[PDB]
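The chain that follows stands alone, in the form deposited in one PDB entry, written as structure tokens.
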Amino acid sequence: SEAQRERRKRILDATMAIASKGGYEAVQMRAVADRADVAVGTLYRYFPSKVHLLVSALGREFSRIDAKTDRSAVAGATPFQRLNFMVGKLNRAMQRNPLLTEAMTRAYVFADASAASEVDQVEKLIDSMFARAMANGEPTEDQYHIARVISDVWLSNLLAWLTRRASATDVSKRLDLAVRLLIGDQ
């Protein structure tokens, strides 16, 4: 179904635009439908809530970040260094558009069971991103486990930063500390 793919791409694109410009509160169903030039019935049909839309957009965004991140700087680096590199990249992406980030994060954590599959797919993505950041070929099971913990730390610090409980420097320091707590102070 190429039509469903084009419509999906549009919906997610408009969601990204609206969230980027106005934040979580700006992401309204009919607004997104209108910026993507779609009908509200079809949008509610494919995405039953703003949470679903924002989490899906988050999914494609993580996937594309992963598929577009130039890793030349850490060619020949150790897994520790490469992991810190990836964490740094995601932190930069976090601090890029704070309204977009607040929107997608808020959708992630305010999600309920109805969006589970979506959220899970995001979680699995970020884990993978960290695991493969450590790996030579396919990650070890422990690299996946380490990535799981790193993703939890990253989530919690993202929440602290969004609510202004922590500064960017606090986030970097805590993530770095977590990494050193998991794979030693290298």
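For the two forms, the rigid core is made up of the largest set of C-alpha atoms that agree within 1.5 Å on superposition. Each residue number is its position in the shown sequence, starting from 1.
Keep in mind the form deposited in another entry is missing from the figure; the text below concerns it.
Q: Is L159 displaced by at least 2 Å at its C-alpha between this form and the one not shown when the rigid core is overlaid?
A: Moves: yes, 2 Å or greater.
Q: After a rigid core superposition, would you say the CA of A17 moves by 2 angstroms or more between this form and the one not shown, or not?
A: No; that C-alpha moves by less than 2 Å between this form and the one not shown.
Q: Between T163 and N91, do the C-alpha atoms lie closer or farther in the other form than in the shown form, with a difference of 3 angstroms or more?
A: Relative to the displayed form, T163 and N91 move farther apart in the other form - a change of at least 3 Å between their C-alphas.
Q: Please say whether the CA atoms of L99 and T169 come closer or move farther apart in the other form, knowing the change relative to this form is 3 Å or more.
A: Distance between the C-alphas of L99 and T169: shorter in the other form, by 3 Å or more.
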